[PDB]
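These are the residues of each chain, in order.
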Amino acid sequence: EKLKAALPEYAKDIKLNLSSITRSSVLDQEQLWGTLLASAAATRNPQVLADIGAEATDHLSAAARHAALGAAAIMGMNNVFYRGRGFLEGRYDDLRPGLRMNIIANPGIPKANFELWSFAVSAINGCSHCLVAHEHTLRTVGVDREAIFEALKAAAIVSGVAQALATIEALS
Amino acid sequence: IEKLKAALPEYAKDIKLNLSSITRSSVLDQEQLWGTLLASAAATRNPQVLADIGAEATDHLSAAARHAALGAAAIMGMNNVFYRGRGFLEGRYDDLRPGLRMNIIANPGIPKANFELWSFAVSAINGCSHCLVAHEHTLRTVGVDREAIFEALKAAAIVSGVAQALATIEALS
Amino acid sequence: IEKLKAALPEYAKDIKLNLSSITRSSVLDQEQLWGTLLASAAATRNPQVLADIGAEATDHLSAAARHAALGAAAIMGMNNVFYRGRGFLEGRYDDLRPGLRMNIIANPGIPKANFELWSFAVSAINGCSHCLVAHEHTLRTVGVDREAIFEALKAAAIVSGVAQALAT
């Protein structure tokens, strides 16, 4: 509400879209808020992370909250590494990453949910390798594409929100 | 942009030179140029760059222009993520209704040409091939020269270099 | 570091470990390593990471090297947008001259090997295939082993994770 209220007039579709995604009935209240929170972190916009984070506490456990934020952090690294490896046409695929990412195997919350949040973040960062790998995993654990698609929509909407908000604050 | 140029460090002279050059270039309208420097400045998320350019854009852009430019950044902010992502997913989601409102695109409050140019510029900054191509095609359809489009791409890239350059000094001083 | 390593949240434990190790790693020499971490920190746009890494990098980076690293991030901030953009336009704009000044590339004020390594690290962060490839090539051209290049990519990625973790 207060976030929506801070959105400029030249950003009406974003506000509109933020309202519709927040009232989503496709994703769990945990799937939804965990996605919104991981997405918010992935935008790097403090205000957006603060307001989504504040509202998220009344919809997510401390464990869920931490898992959502850690998905953002770990994809921040993976999204750069794998995309780069992919740009090198596989010529370094034999080397050996050597990077820890245990949170992925042991998230502390349902893995279907962690994957959903990781997928959303990979969409924001733009790494096809990770977006595809996570999308495949979601399907393997029973998440339907309607829900996977809703996460893609949410990640995009939240990116718009952060862009819209960043501009108003710097100008006003 | 006079203060921005001054803010740049000697190790970023090329960007300063490029900023000086793109601003004095005449291949683009006074509206196309400042509207592109503005949507680009917005898309880079650097506060100082947006603030400086935004201020210098008022005596160079109409009210409706300044509005359409900032609105292009915001809406591309979402579209550049959505279409890019769906585009990676092997056609598996091409038959689903996005259900995303983007009316500003059909009604920017100014003739479409410039909105599309600024949308194109933003899509370059965010890195979305689907949108870059779509908007480039639309620009052509409504009579915009390649030279103009290419100049926007350059302006988008230079502003991005300026944001990076200034972001680092702000943080280190 | 230390203060940087210590700021990481607990749910970002893996990134803490990765930072601790990439900084203790020898694969890259101290200038290569810290110039890459500095260039990367800049590209993440996170002010705290840039400050901590920039300060720790004073003990291993000459004045010329530090400016080369920061300069690499700035120029790649522009090139990474330009070449990627042109690259998606299906060669339809390849006949036009960019006319963008890039003099720092040929003249970084230090050995190119390092400048190219840092530019490669930034290109990975911004996501421009055209530049990551062009620099990976040059890097191999003048020497530099895949292991060093791979270590920079890892460093760029690890630094991106730190910045995000801190931003959260």
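Going by the header, the method for this PDB entry is X-ray crystallography, and the resolution given is 1.9 Å.

Under the annotation held in the PDB entry, chain C carries the name ALKYLHYDROPEROXIDASE D and is attributed to Mycobacterium tuberculosis. The deposited PDB record carries the title "Crystal Structure of Mycobacterium tuberculosis Alkylperoxidase AhpD".

Chain B goes by ALKYLHYDROPEROXIDASE D in the PDB entry, where it is assigned to Mycobacterium tuberculosis.

Visitor: Please explain the overall build of chain C as it appears in this structure.
Guide: Tallying secondary structure elements over chain C gives nine helices and zero strands in all. Secondary structure elements of chain C occur, N-terminal to C-terminal, as α-α-α-α-α-α-α-α-α. With the C-alpha coordinates of chain C rotated into their principal frame, the extents come out at 50 × 30 × 25 Å. Here chain C holds 168 residues, and the buried ones make up 62% of them.

Visitor: For this particular structure, what's the right way to read the interface of chain B and chain A?
Guide: Note on interface size: it is often stated as the accessible area lost on association of the parts. Contacts between the two partners involve 36 residues from chain B, matched on the other side by 37 residues from chain A. Linking chain B with chain A are two salt bridges. Here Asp95(B) and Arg145(A) are joined by a salt bridge, their closest N and O atoms 2.6 Å apart. There are twelve residue pairs in polar contact connecting chain B and chain A. Element by element, the count of residues in the side of chain B that touches chain A is highest for helix α5 (residues 63-88) of chain B, at 15 residues. Split into classes, the residues belonging to the side of chain B that touches chain A amount to 20 nonpolar, seven polar and nine charged.

Visitor: Would you take a moment to explain the interface of chain B and chain C for this structure?
Guide: In this complex, chain B contributes 34 residues to the contact, which on the side of chain C involves 35 residues. When the two sides are added together, the surface that chain B and chain C hide from each other amounts to roughly 2,900 Å², 65% of it contributed by carbon and sulfur. Remark: the boundary between chain B and chain C carries two salt bridges. One salt bridge in this structure joins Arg146(B) and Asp95(C), with 2.5 Å as the shortest N-O distance. Linking chain B to chain C there are 13 residue pairs in polar contact. For the side of chain B that touches chain C, the elements supplying multiple residues, two or more each, are α2 (13-24), α6 (112-126), α7 (129-141) and α8 (146-172) of chain B. Broken down by element, the side of chain B that touches chain C gets its largest block of residues, 17 residues, from α8(B). Looking at side-chain class alone, the side of chain B that touches chain C contains 20 nonpolar, nine polar and five charged residues.

Visitor: Just checking my understanding: could you explain the packing of aromatic side chains for this structure?
Guide: The relation between two aromatic rings is expressed through the spacing of the ring centres and the mutual angle of the planes. This structure, assessed with the given rule, holds nine aromatic pairs over all chains. Ring geometry for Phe149(A) and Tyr93(B): centres 6.0 Å apart, planes at 10°, overall stacked. With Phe149(A) in helix α9 (residues 145-171) and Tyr93(B) in the loop between α5 and α6, this residue pair bridges two chains. You can call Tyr93(B) buried: its relative accessible area is 1%. A centroid spacing of 6.4 Å and a plane angle of 20° characterise the contact between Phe150(B) and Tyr93(C), whose relative ring orientation is stacked. One end of the pair, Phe150(B), is in helix α8; the other, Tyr93(C), is in the loop between α5 (63-88) and α6 (103-106), on a second chain. An aromatic cluster is built from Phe81(A), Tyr82(A), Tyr92(A) and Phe150(C), whose rings are joined through pairwise contacts. Across from the ring centre of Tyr93(C), 5.6 Å away, lies the NZ or CZ of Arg146(B), which sits over that ring. Stacked on the ring of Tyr92(A), the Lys or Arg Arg146(C) has its end atom at 5.4 Å from the ring centre.

Visitor: Which parts of the structure should I look at to understand α8(B)?
Guide: Think of an α-helix as turning once every 3.6 residues; residues three or four places apart then point the same way. For α8(B), with 27 residues, the first-to-last C-alpha span of 39 Å sits near the 39 Å given by 1.5 Å per residue. Judged by how many residues are buried, α8(B) sits mostly within the fold: 24 of 27 residues are covered.

Visitor: Help me out: how do you make sense of the pattern of salt bridges in this one?
Guide: The full count for this structure, using the stated rule, is 20 salt bridges over all chains. In this structure, the salt-bridge partner of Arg85(A) is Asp93(A), at a minimum N-O distance of 3.5 Å. You can call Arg85(A) buried: its relative accessible area is 14%. Across the pair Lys5(B) and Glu2(B) runs a salt bridge, and its minimum N-O distance is 3.9 Å. Residue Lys5(B) and its partner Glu2(B) are located together in helix α1 (residues 2-7), separated by three residues, close to a single helical turn. Of the residues examined, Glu2(B) reaches a relative accessible area of 56% and is grouped as exposed. When salt bridges that share partners are traced, they join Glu89(A), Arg91(A), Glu136(C) and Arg140(C) into one network.

Visitor: Sorry, what's going on with the environment of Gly70(A) here?
Guide: Here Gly70(A) shows up in helix α5 (residues 62-87). For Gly70(A), a relative accessible area of 1% translates into the label buried. As for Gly70(A) and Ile103(A), which are separated by 33 residues in sequence, their C-alpha atoms are 7.5 Å apart. Every residue in contact with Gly70(A), bar those within four places of it in the chain, is listed here: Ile103(A) and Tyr11(C).

Rules and cut-offs
- Every chain's residues are listed with numbers counted from 1 in the order the sequence is written; these need not match the entry, and residues without coordinates are not shown.
- Chain A is the first chain written and ligand 1 is the first ligand written, with later ones labelled in order.
- Side-chain measures were taken over the full set of non-hydrogen atoms in the model, leaving aside hydrogen atoms and water.
- Only DSSP runs of H or I covering at least 4 residues are called helices, and only runs of E covering at least 2 are called strands; the numbering of each starts at the N terminus.
- Three labels apply to residues, based on accessible area from a 1.4 Å probe with only protein chains included: buried if under 20% of the type maximum, exposed if over 50%, partly exposed otherwise in between.
- In this analysis, two residues are considered to be in contact whenever any of their non-hydrogen atoms come within 4.5 Å of each other.
- Take a side-chain nitrogen of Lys or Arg and a carboxyl oxygen of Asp or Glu: if they are within 4 Å of each other, that pair is a salt bridge.
- Identification of polar contacts relies on pairs of N or O atoms within 3.5 Å, with a donor-acceptor requirement for protein atoms, meaning one able to donate a hydrogen and the other able to accept it, and with residues adjacent in sequence counted only if both atoms are side-chain atoms.
- Three classes are used, and their members are as follows: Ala, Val, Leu, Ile, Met, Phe, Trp, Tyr, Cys and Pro are nonpolar, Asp, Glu, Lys and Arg are charged, and the others, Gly among them, are polar.
- Buried area, as used here, totals the accessible surface that two parts lose on assembly, with accessibility defined by a 1.4 Å probe and the loss added over both.
- Any two rings among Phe, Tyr and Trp, with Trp reduced to its six-membered ring, count as a pair given centres within 6.5 Å; such a pair is stacked if its planes are under 30 degrees apart, edge-to-face if over 60, and tilted if neither.
- Over a ring means this: the NZ of a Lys or the CZ of an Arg is within 6 Å of the ring centre and within 35 degrees of the ring normal.
- Expected helix span is taken as 1.5 Å per residue step, with the number of steps being one fewer than the number of residues.

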